[PDB]
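So this one's work-v8.csv, CSV, C-alpha atoms:
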```csv
chain,number,residue,atom,x,y,z
A,1416,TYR,CA,-15.3,18.7,38.6
A,1417,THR,CA,-16.8,19.5,35.1
A,1418,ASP,CA,-14.3,22.3,34.2
A,1419,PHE,CA,-12.7,20.3,31.4
A,1420,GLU,CA,-11.6,23.6,29.6
A,1421,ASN,CA,-8.9,23.9,32.4
A,1422,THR,CA,-7.7,20.2,32.4
A,1423,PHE,CA,-4.7,19.0,30.3
A,1424,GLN,CA,-2.3,16.0,30.4
A,1425,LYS,CA,1.3,15.7,29.3
A,1426,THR,CA,2.5,12.0,29.2
A,1427,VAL,CA,5.9,10.6,28.3
A,1428,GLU,CA,5.1,7.4,26.3
A,1429,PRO,CA,7.3,4.3,26.7
A,1430,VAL,CA,10.0,3.9,24.0
A,1431,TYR,CA,8.7,1.8,21.1
A,1432,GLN,CA,11.0,-0.4,18.8
A,1433,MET,CA,10.0,-1.5,15.2
A,1434,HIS,CA,12.1,-4.0,13.2
A,1435,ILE,CA,11.6,-3.1,9.5
A,1436,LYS,CA,11.9,-6.5,7.6
A,1437,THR,CA,9.8,-5.9,4.4
A,1438,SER,CA,8.9,-3.1,1.9
A,1439,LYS,CA,5.3,-3.6,3.2
A,1440,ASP,CA,6.3,-2.2,6.7
A,1441,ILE,CA,8.1,0.8,5.0
A,1442,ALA,CA,4.9,1.5,2.9
A,1443,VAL,CA,2.6,1.4,6.0
A,1444,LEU,CA,5.1,3.9,7.8
A,1445,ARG,CA,5.2,6.2,4.7
A,1446,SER,CA,1.4,6.2,4.6
A,1447,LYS,CA,1.3,7.8,8.2
A,1448,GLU,CA,1.3,11.6,7.7
A,1449,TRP,CA,2.9,11.9,11.2
A,1450,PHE,CA,6.0,9.8,10.3
A,1451,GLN,CA,8.5,12.5,9.0
A,1452,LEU,CA,12.1,11.6,8.0
A,1453,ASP,CA,14.8,14.4,7.8
A,1454,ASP,CA,15.8,12.9,4.3
A,1455,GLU,CA,12.8,11.3,2.5
A,1456,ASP,CA,15.1,8.9,0.5
A,1457,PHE,CA,16.6,7.2,3.8
A,1458,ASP,CA,16.8,3.4,3.4
A,1459,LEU,CA,14.7,2.0,6.2
A,1460,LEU,CA,15.0,-1.6,5.1
A,1461,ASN,CA,16.5,-4.0,7.8
A,1462,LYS,CA,16.8,-1.0,10.1
A,1463,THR,CA,15.6,-0.9,13.8
A,1464,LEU,CA,13.6,2.3,14.6
A,1465,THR,CA,12.9,3.7,18.1
A,1466,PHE,CA,10.0,6.2,18.8
A,1467,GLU,CA,10.6,8.4,21.9
A,1468,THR,CA,7.2,10.3,21.9
A,1469,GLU,CA,5.6,12.7,24.4
A,1470,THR,CA,1.8,13.1,24.2
A,1471,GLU,CA,0.0,16.4,25.1
A,1472,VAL,CA,-3.8,16.3,25.5
A,1473,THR,CA,-6.5,18.8,26.4
A,1474,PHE,CA,-10.0,17.5,27.2
A,1475,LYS,CA,-13.6,18.4,26.1
A,1476,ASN,CA,-15.4,15.9,28.3
A,1477,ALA,CA,-14.7,12.8,30.4
A,1478,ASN,CA,-13.4,10.6,27.4
A,1479,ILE,CA,-13.2,12.9,24.2
A,1480,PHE,CA,-9.9,14.9,23.8
A,1481,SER,CA,-10.4,18.4,22.4
A,1482,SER,CA,-6.8,18.4,21.2
A,1483,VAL,CA,-4.1,15.7,20.8
A,1484,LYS,CA,-0.3,16.1,20.1
A,1485,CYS,CA,2.2,13.3,19.9
A,1486,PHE,CA,5.7,14.6,19.0
A,1487,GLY,CA,9.1,13.2,19.5
A,1488,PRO,CA,12.3,11.9,17.7
A,1489,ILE,CA,12.5,8.8,15.6
A,1490,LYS,CA,16.0,7.2,16.1
A,1491,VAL,CA,17.6,4.4,14.1
A,1492,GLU,CA,19.9,1.7,15.7
A,1493,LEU,CA,23.4,1.9,14.1
A,1494,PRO,CA,25.7,-1.2,14.0
A,1495,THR,CA,27.4,-0.1,17.3
A,1496,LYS,CA,23.8,-0.3,18.9
A,1497,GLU,CA,24.0,3.6,19.3
A,1498,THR,CA,20.7,5.3,18.3
A,1499,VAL,CA,20.8,8.5,16.1
A,1500,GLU,CA,17.9,10.9,15.2
A,1501,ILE,CA,16.7,10.5,11.5
A,1502,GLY,CA,13.2,12.1,11.8
A,1503,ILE,CA,10.2,13.0,14.1
A,1504,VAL,CA,6.7,12.0,15.0
A,1505,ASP,CA,4.5,15.1,14.6
A,1506,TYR,CA,0.8,14.1,15.0
A,1507,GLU,CA,-1.6,17.0,15.8
A,1508,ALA,CA,-5.4,16.5,15.9
A,1509,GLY,CA,-8.4,18.3,17.2
A,1510,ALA,CA,-11.5,16.5,18.7
A,1511,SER,CA,-10.3,12.8,18.9
A,1512,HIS,CA,-11.1,9.7,21.1
A,1513,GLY,CA,-7.6,8.3,21.0
A,1514,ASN,CA,-3.9,8.7,20.1
A,1515,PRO,CA,-3.6,6.7,16.9
A,1516,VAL,CA,0.3,7.0,16.9
A,1517,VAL,CA,0.6,5.1,20.2
A,1518,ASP,CA,-2.1,2.5,19.0
A,1519,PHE,CA,0.0,2.0,15.8
A,1520,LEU,CA,3.3,1.5,17.7
A,1521,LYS,CA,1.5,-0.8,20.4
A,1522,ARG,CA,0.5,-3.3,17.6
A,1523,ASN,CA,3.3,-2.9,15.0
A,1524,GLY,CA,6.3,-2.4,17.4
A,1525,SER,CA,7.3,-3.6,20.8
A,1526,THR,CA,7.7,-1.7,24.2
A,1527,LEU,CA,11.4,-1.2,25.2
A,1528,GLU,CA,11.4,-1.8,29.0
A,1529,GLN,CA,14.3,-0.3,31.1
A,1530,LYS,CA,13.2,-2.3,34.2
A,1531,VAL,CA,14.0,-6.1,34.0
A,1532,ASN,CA,12.6,-8.3,36.8
A,1533,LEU,CA,14.9,-10.9,38.4
A,1534,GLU,CA,13.8,-14.7,38.1
A,1535,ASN,CA,12.8,-14.7,41.9
A,1536,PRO,CA,12.6,-11.7,44.3
A,1537,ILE,CA,15.4,-11.6,47.0
A,1538,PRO,CA,14.0,-10.6,50.5
A,1539,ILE,CA,16.3,-8.0,52.2
A,1540,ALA,CA,14.6,-7.3,55.5
A,1541,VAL,CA,11.2,-6.9,57.4
A,1542,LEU,CA,11.7,-3.9,59.7
A,1543,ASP,CA,9.5,-2.2,62.4
A,1544,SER,CA,9.2,1.6,62.6
A,1545,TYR,CA,7.0,3.8,64.8
A,1546,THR,CA,5.2,7.1,63.9
A,1547,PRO,CA,5.8,9.8,66.5
A,1548,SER,CA,3.3,10.9,69.2
A,1549,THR,CA,3.1,14.4,67.8
A,1550,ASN,CA,3.3,15.8,64.2
A,1551,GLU,CA,4.6,19.3,65.3
A,1552,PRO,CA,8.4,18.4,65.0
A,1553,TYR,CA,8.0,17.2,61.3
A,1554,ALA,CA,5.7,20.2,60.6
A,1555,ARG,CA,8.4,22.6,61.9
A,1556,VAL,CA,11.2,21.4,59.6
B,534,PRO,CA,6.9,-6.3,-33.3
B,535,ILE,CA,8.9,-8.8,-31.1
B,536,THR,CA,8.6,-11.7,-33.7
B,537,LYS,CA,10.4,-9.6,-36.4
B,538,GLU,CA,13.9,-11.3,-37.1
B,539,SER,CA,16.8,-9.4,-38.9
C,824,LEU,CA,2.1,-34.8,-29.7
C,825,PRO,CA,1.6,-32.1,-27.1
C,826,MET,CA,5.1,-30.6,-27.1
C,827,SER,CA,6.2,-27.6,-25.0
C,828,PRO,CA,8.6,-24.6,-25.5
C,829,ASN,CA,9.5,-24.9,-21.8
C,830,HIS,CA,12.7,-27.1,-21.8
C,831,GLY,CA,13.5,-26.7,-18.1
C,832,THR,CA,13.1,-22.9,-18.5
C,833,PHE,CA,10.6,-22.5,-15.5
C,834,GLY,CA,12.0,-25.3,-13.3
C,835,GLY,CA,10.3,-27.0,-10.3
C,836,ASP,CA,8.1,-29.1,-12.6
C,837,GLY,CA,9.7,-32.5,-11.9
C,838,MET,CA,10.4,-34.4,-15.1
C,839,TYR,CA,7.8,-32.5,-17.2
C,840,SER,CA,10.5,-30.9,-19.5
C,841,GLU,CA,12.3,-34.3,-19.7
C,842,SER,CA,9.0,-35.8,-20.9
C,843,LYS,CA,8.2,-33.1,-23.5
C,844,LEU,CA,11.7,-32.8,-24.8
C,845,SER,CA,11.9,-36.6,-25.3
C,846,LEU,CA,8.8,-36.6,-27.5
C,847,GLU,CA,10.8,-34.7,-30.2
C,848,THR,CA,12.8,-37.9,-31.0
C,849,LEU,CA,9.6,-39.1,-32.9
C,850,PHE,CA,10.3,-36.6,-35.6
C,851,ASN,CA,13.5,-38.5,-36.5
C,852,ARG,CA,12.3,-42.1,-35.6
C,853,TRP,CA,9.6,-41.6,-38.3
C,854,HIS,CA,12.3,-41.6,-41.0
C,855,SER,CA,14.6,-44.2,-39.3
C,856,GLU,CA,12.3,-47.0,-38.0
C,857,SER,CA,9.6,-48.9,-40.0
C,858,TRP,CA,6.2,-47.4,-38.6
C,859,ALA,CA,5.9,-44.4,-41.0
C,860,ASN,CA,2.9,-46.1,-42.9
C,861,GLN,CA,0.9,-46.7,-39.7
C,862,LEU,CA,1.5,-43.5,-37.8
C,863,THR,CA,2.2,-39.8,-38.7
C,864,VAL,CA,3.8,-37.5,-36.2
C,865,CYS,CA,2.3,-34.0,-35.9
C,866,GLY,CA,4.1,-32.1,-33.1
C,867,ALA,CA,2.2,-29.1,-31.7
C,868,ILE,CA,4.3,-26.7,-29.6
C,869,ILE,CA,1.4,-25.5,-27.5
C,870,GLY,CA,1.7,-22.0,-26.0
C,871,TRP,CA,0.5,-20.4,-22.8
C,872,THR,CA,-3.1,-21.5,-22.5
C,873,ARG,CA,-5.2,-19.9,-19.7
C,874,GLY,CA,-7.6,-21.9,-17.4
C,875,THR,CA,-6.1,-25.5,-17.8
C,876,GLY,CA,-5.1,-28.0,-15.0
C,877,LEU,CA,-1.3,-27.3,-15.5
C,878,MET,CA,-1.4,-23.4,-16.0
C,879,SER,CA,-4.4,-22.2,-13.7
C,880,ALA,CA,-1.9,-20.7,-11.1
C,881,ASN,CA,-0.3,-18.5,-13.8
C,882,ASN,CA,-3.4,-16.6,-15.0
C,883,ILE,CA,-3.0,-13.2,-13.2
C,884,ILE,CA,0.4,-12.5,-15.0
C,885,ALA,CA,-1.0,-13.4,-18.5
C,886,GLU,CA,-2.1,-9.7,-19.0
C,887,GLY,CA,1.5,-8.6,-18.1
C,888,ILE,CA,3.0,-10.9,-20.7
C,889,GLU,CA,0.6,-9.8,-23.5
C,890,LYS,CA,2.0,-6.2,-23.2
C,891,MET,CA,5.3,-7.4,-24.9
C,892,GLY,CA,3.3,-8.1,-28.2
C,893,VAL,CA,3.1,-11.8,-27.1
C,894,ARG,CA,-0.1,-13.9,-27.2
C,895,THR,CA,-1.7,-16.1,-24.5
C,896,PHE,CA,-4.5,-18.3,-25.6
C,897,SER,CA,-8.0,-19.2,-24.2
C,898,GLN,CA,-8.7,-22.9,-24.3
C,899,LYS,CA,-11.2,-22.4,-27.2
C,900,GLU,CA,-8.4,-20.5,-29.2
C,901,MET,CA,-5.8,-23.2,-28.5
C,902,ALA,CA,-8.3,-26.0,-29.4
C,903,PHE,CA,-9.1,-24.2,-32.6
C,904,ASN,CA,-5.4,-24.0,-33.4
C,905,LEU,CA,-5.0,-27.8,-32.8
C,906,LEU,CA,-8.1,-28.7,-34.8
C,907,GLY,CA,-6.4,-26.9,-37.6
C,908,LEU,CA,-3.9,-29.8,-37.7
C,909,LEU,CA,-6.6,-32.4,-38.4
C,910,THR,CA,-7.9,-30.4,-41.5
C,911,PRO,CA,-7.2,-32.3,-44.8
C,912,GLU,CA,-4.3,-30.1,-46.0
C,913,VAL,CA,-2.1,-30.6,-42.8
C,914,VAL,CA,-3.2,-34.3,-42.7
C,915,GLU,CA,-1.8,-34.7,-46.4
C,916,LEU,CA,1.3,-32.9,-45.1
C,917,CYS,CA,2.0,-35.1,-42.1
C,918,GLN,CA,1.9,-38.2,-44.4
C,919,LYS,CA,4.8,-36.7,-46.5
C,920,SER,CA,7.1,-35.7,-43.5
C,921,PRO,CA,6.5,-35.0,-39.8
C,922,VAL,CA,4.9,-31.6,-39.1
C,923,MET,CA,6.0,-29.3,-36.3
C,924,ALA,CA,3.4,-26.7,-35.6
C,925,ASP,CA,4.4,-23.7,-33.4
C,926,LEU,CA,1.3,-22.5,-31.5
C,927,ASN,CA,3.6,-20.6,-29.0
C,928,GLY,CA,2.1,-17.1,-29.7
C,929,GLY,CA,5.7,-15.5,-29.9
C,930,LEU,CA,6.6,-16.6,-26.3
C,931,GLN,CA,10.1,-18.0,-27.5
C,932,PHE,CA,11.2,-14.3,-28.4
C,933,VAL,CA,10.9,-13.1,-24.8
C,934,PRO,CA,14.5,-13.3,-23.4
C,935,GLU,CA,14.9,-15.0,-19.9
C,936,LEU,CA,11.1,-15.7,-19.4
C,937,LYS,CA,11.3,-17.2,-15.9
C,938,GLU,CA,12.8,-14.0,-14.4
C,939,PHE,CA,10.2,-11.8,-16.4
C,940,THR,CA,7.4,-14.1,-15.0
C,941,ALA,CA,8.7,-14.0,-11.3
C,942,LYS,CA,9.1,-10.2,-11.6
C,943,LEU,CA,5.5,-9.9,-12.9
C,944,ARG,CA,4.2,-12.0,-10.0
C,945,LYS,CA,6.2,-10.1,-7.3
C,946,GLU,CA,5.0,-6.6,-8.6
C,947,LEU,CA,1.4,-8.0,-8.2
C,948,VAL,CA,1.5,-9.9,-4.9
C,949,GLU,CA,3.5,-6.9,-3.4
C,950,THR,CA,0.9,-4.2,-4.7
C,951,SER,CA,-1.8,-6.5,-3.2
C,952,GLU,CA,-0.4,-7.1,0.3
C,953,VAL,CA,0.8,-3.4,0.6
C,954,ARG,CA,-2.7,-2.0,-0.3
C,955,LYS,CA,-4.3,-4.6,2.0
C,956,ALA,CA,-2.0,-3.5,4.9
C,957,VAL,CA,-2.3,0.4,4.2
C,958,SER,CA,-6.2,0.0,4.0
C,959,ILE,CA,-6.4,-2.1,7.3
C,960,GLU,CA,-4.1,0.4,9.1
C,961,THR,CA,-6.0,3.5,7.8
C,962,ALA,CA,-9.2,1.8,9.1
C,963,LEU,CA,-7.7,1.1,12.6
C,964,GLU,CA,-6.5,4.8,12.7
C,965,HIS,CA,-9.9,6.2,11.6
C,966,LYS,CA,-11.6,3.9,14.3
C,967,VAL,CA,-9.3,5.0,17.1
C,968,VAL,CA,-9.6,8.8,16.3
```
In structure tokens, what does this structure look like?
Amino acid sequence: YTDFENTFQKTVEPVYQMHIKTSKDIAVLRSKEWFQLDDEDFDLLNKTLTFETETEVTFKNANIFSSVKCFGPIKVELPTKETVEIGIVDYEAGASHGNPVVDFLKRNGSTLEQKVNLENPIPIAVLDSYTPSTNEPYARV
Amino acid sequence: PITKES
Amino acid sequence: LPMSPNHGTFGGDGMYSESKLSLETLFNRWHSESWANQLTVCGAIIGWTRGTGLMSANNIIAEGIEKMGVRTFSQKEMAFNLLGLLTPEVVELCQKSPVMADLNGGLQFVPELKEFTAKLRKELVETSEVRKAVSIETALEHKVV
């Protein structure tokens, strides 16, 4: 298939956390045109930020995107550990080779993972099943 | 200017 | 005598201040003791001199200081000031009574100099490491897109 004009891809990106320690990290974040606070004078210092971003992408060919979008809320951890919306990501390119927003957060921040592995797996069972002789009864229902 | 006393 | 205006003002210099302050007893001991005929004391309160073994670290802030109508010195300048003290007029003056020369370029008139120095260093190391970071991130963004 070469009909790239009809392809597209929505992705929900994994939640990313950034600990803002220094006025350097604030200055890098204020550099990024896509980092958009609701109130520009918000004190980001010592705050923990989460980025919940969806990426939409159209294609031009196998590897070059004809259009990128990376939008989503930016939340700040309160002292109760409850996250509250204080801004948005709002990246919007044309012909790109990558999502720079994700690449920024991959390096500077850390992936919040909902799934936590146990120390060792716990076997439950090893069970036999049979597939039926005919596929009509499943096809009927 | 800073060396000027009173 | 190479005296200092730093009398524990900057701190973290060991016993430098204790050494320099102590030299100032020679101005009184010249009158009191019995060596006035063999030695003359000519104290030279040397100011901020750029490029030396003791003050090479502190050169970047020197432009900052000079914008308070204060004077930092090159080594040739400070030498020239000190060679002024071996001219025949100041030599005839040291033999009458001890001579205290202030070559401090008005640096005593800056109030709370250690803070003002730390504030000048921090506004410069900051503006460096920020611009270094913003440039290396704007390169990594450009290269991904």
Each residue of chain C with at least one atom at most 8 Å from chain B should appear once, together with its nearest atom pair and the corresponding distance in Å (one decimal); atoms considered: all atoms listed in the file; ordering: chain, then increasing residue number; output as a Markdown table.
```
| residue | atom | partner | partner_atom | distance |
| --- | --- | --- | --- | --- |
| C:891 | CA | B:535 | CA | 7.3 |
| C:892 | CA | B:535 | CA | 6.3 |
| C:893 | CA | B:535 | CA | 7.7 |
| C:929 | CA | B:536 | CA | 6.1 |
| C:932 | CA | B:536 | CA | 6.5 |
| C:933 | CA | B:535 | CA | 7.9 |
```
Taking all atoms listed in the file into account, report as a PyMOL selection string which residues of chain A lie within 8 Å of chain C. chain A and resi 1439+1442-1443+1446+1511-1515+1518-1519
Point out the residue among A:1468, A:1475, A:1505, A:1524 with the least atom-to-atom distance to residue 1419 of chain A, counting only C-alpha atoms. A:1475
Find the residues around residue 1477 of chain A up to 12 Å (all atoms listed in the file counted), leave out those fewer than 6 positions away in its own chain, and share them as a PyMOL selection string. chain A and resi 1416-1420+1422-1423+1512
Spatial neighbours of segment 1451-1467 of chain A, 12 Å, only C-alpha atoms, chain gap at least 2 places, as a short mmCIF file (atom, residue, chain, number, x, y, z; two decimals) with C-alpha atoms, in the coordinates of the input:
```
data_model
loop_
_atom_site.label_atom_id
_atom_site.label_comp_id
_atom_site.auth_asym_id
_atom_site.auth_seq_id
_atom_site.Cartn_x
_atom_site.Cartn_y
_atom_site.Cartn_z
CA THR A 1426 2.50 12.00 29.20
CA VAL A 1427 5.90 10.60 28.30
CA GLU A 1428 5.10 7.40 26.30
CA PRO A 1429 7.30 4.30 26.70
CA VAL A 1430 10.00 3.90 24.00
CA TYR A 1431 8.70 1.80 21.10
CA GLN A 1432 11.00 -0.40 18.80
CA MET A 1433 10.00 -1.50 15.20
CA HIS A 1434 12.10 -4.00 13.20
CA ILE A 1435 11.60 -3.10 9.50
CA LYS A 1436 11.90 -6.50 7.60
CA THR A 1437 9.80 -5.90 4.40
CA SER A 1438 8.90 -3.10 1.90
CA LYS A 1439 5.30 -3.60 3.20
CA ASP A 1440 6.30 -2.20 6.70
CA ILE A 1441 8.10 0.80 5.00
CA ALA A 1442 4.90 1.50 2.90
CA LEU A 1444 5.10 3.90 7.80
CA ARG A 1445 5.20 6.20 4.70
CA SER A 1446 1.40 6.20 4.60
CA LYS A 1447 1.30 7.80 8.20
CA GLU A 1448 1.30 11.60 7.70
CA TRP A 1449 2.90 11.90 11.20
CA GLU A 1469 5.60 12.70 24.40
CA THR A 1470 1.80 13.10 24.20
CA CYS A 1485 2.20 13.30 19.90
CA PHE A 1486 5.70 14.60 19.00
CA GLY A 1487 9.10 13.20 19.50
CA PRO A 1488 12.30 11.90 17.70
CA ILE A 1489 12.50 8.80 15.60
CA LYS A 1490 16.00 7.20 16.10
CA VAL A 1491 17.60 4.40 14.10
CA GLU A 1492 19.90 1.70 15.70
CA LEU A 1493 23.40 1.90 14.10
CA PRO A 1494 25.70 -1.20 14.00
CA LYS A 1496 23.80 -0.30 18.90
CA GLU A 1497 24.00 3.60 19.30
CA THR A 1498 20.70 5.30 18.30
CA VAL A 1499 20.80 8.50 16.10
CA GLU A 1500 17.90 10.90 15.20
CA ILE A 1501 16.70 10.50 11.50
CA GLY A 1502 13.20 12.10 11.80
CA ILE A 1503 10.20 13.00 14.10
CA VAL A 1504 6.70 12.00 15.00
CA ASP A 1505 4.50 15.10 14.60
CA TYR A 1506 0.80 14.10 15.00
CA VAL A 1516 0.30 7.00 16.90
CA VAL A 1517 0.60 5.10 20.20
CA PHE A 1519 0.00 2.00 15.80
CA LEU A 1520 3.30 1.50 17.70
CA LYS A 1521 1.50 -0.80 20.40
CA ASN A 1523 3.30 -2.90 15.00
CA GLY A 1524 6.30 -2.40 17.40
CA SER A 1525 7.30 -3.60 20.80
CA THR A 1526 7.70 -1.70 24.20
CA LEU A 1527 11.40 -1.20 25.20
#
```
For residue 942 of chain C, list every protein, DNA or RNA residue within 12 Å, evaluated using only C-alpha atoms, and leave out those in the same chain fewer than 5 positions away; present the list as a VMD selection string. chain C and resid 884 887 to 888 935 to 937 947 to 949
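In this comparison, which uses only C-alpha atoms, the residue of C:905, C:846, C:916, C:883 approaching residue 945 of chain C most closely is C:883.
Take atom CA of residue 1509 of chain A and atom CA of residue 1480 of chain A: the distance between them is 7.6 Å.
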If I put a ball of radius 9 Å at (-1.7, -38.1, -35.7) in the file's coordinates, which residues poke into it when counting all atoms listed in the file, written as a list in words?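 Those within range, by chain then number, are residues 824, 862, 863, 864, 865, 866, 908, 909, 914 and 917 of chain C.
Here atom CA of residue 1533 of chain A is placed at a distance of 26.8 Å from atom CA of residue 1495 of chain A.
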Can you work out the spacing between atom CA of residue 872 of chain C and atom CA of residue 946 of chain C in Å, to one decimal?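 These atoms are spaced 21.9 Å apart.
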Non-local contacts of residue 843 of chain C (12 Å; all atoms listed in the file; under 4 positions in same chain excluded) as a list in words: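 Selected residues are residues 824, 825, 826, 827, 828, 829, 830, 831, 836, 837, 838, 839, 847, 848, 849, 866, 867, 868 and 869 of chain C.
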